[PDB]
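Just one chain is shown here, as structure tokens, and it is the form deposited in one PDB entry.
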């Protein structure tokens, strides 16, 4: 069972809900910009939160915009925005547009430009070349990335975008790591020790570490049979060690040879 950090869940839930309330005399930022080191569960925890709140999400990947092969990223964002706006009026539920891994320089400008224009009038979002007298719904936008260009400063400053820095703290790690290894028969104190052993590491390192433990088996199994005859043999059965000792050496081999 995966673990969503309470203050992460709050920030995101408050942002979305605040966009669907129409408290007069209170302008609301349309965009939530979640930034921080890569692989700290920005995307994963958003998805946890949405599943929990029963929110349907329209998802664009950052690579879908940074690439020359995708043509027009302004169009794509505006298409998905208007699409999510209709799903609100239809399903009568909270819906969200999400852009992932927003961290090229040329498409980056167009993307910033597009989000600025949408945030300026979340209700009058037209496809380029098109015009529709119809107001459409305001759709809260969640964005993730390593940091946000100084080109986003004007948005944050005028309260059209809310920045949120995500750096898991140790209670947050114990919870998330605890969930990563929740099916591996571990006690909290083993979980607390694991986190304290690798304390500058990203959440990603820890889920990588879990997969590595399975890889180490398969490696040894291959060394035993020999490479010469591994193919015939297969064309690795047991529950691996997972003891806290083994997770640590496995982690140290990862950190001694990483990236």
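Numbering follows the first chain given and starts at 1. Under this definition, the rigid core comprises the largest set of C-alpha atoms superposing within 1.5 Å between the forms.
Just so it is clear, the following notes concern the form deposited in another entry, a form of the same protein that is not shown.
J.: Report the residue, chosen from 48, 28, 208, 57, for which the CA moves 2 Å or more between the shown form and the other one after the rigid core is overlaid.
T.: The displaced C-alpha is that of 208.
J.: Relative to the superposed rigid core, does residue 186 relocate between the shown form and the other one - that is, does its Cα move 2 Å or more?
T.: Yes, shifts by 2 Å or more.
J.: For a quick test of reading the superposition: does residue 245 move by 2 Å or more at the CA between the shown form and the other one, rigid core aligned?
T.: Yes; that C-alpha moves by at least 2 Å between the shown form and the other one.
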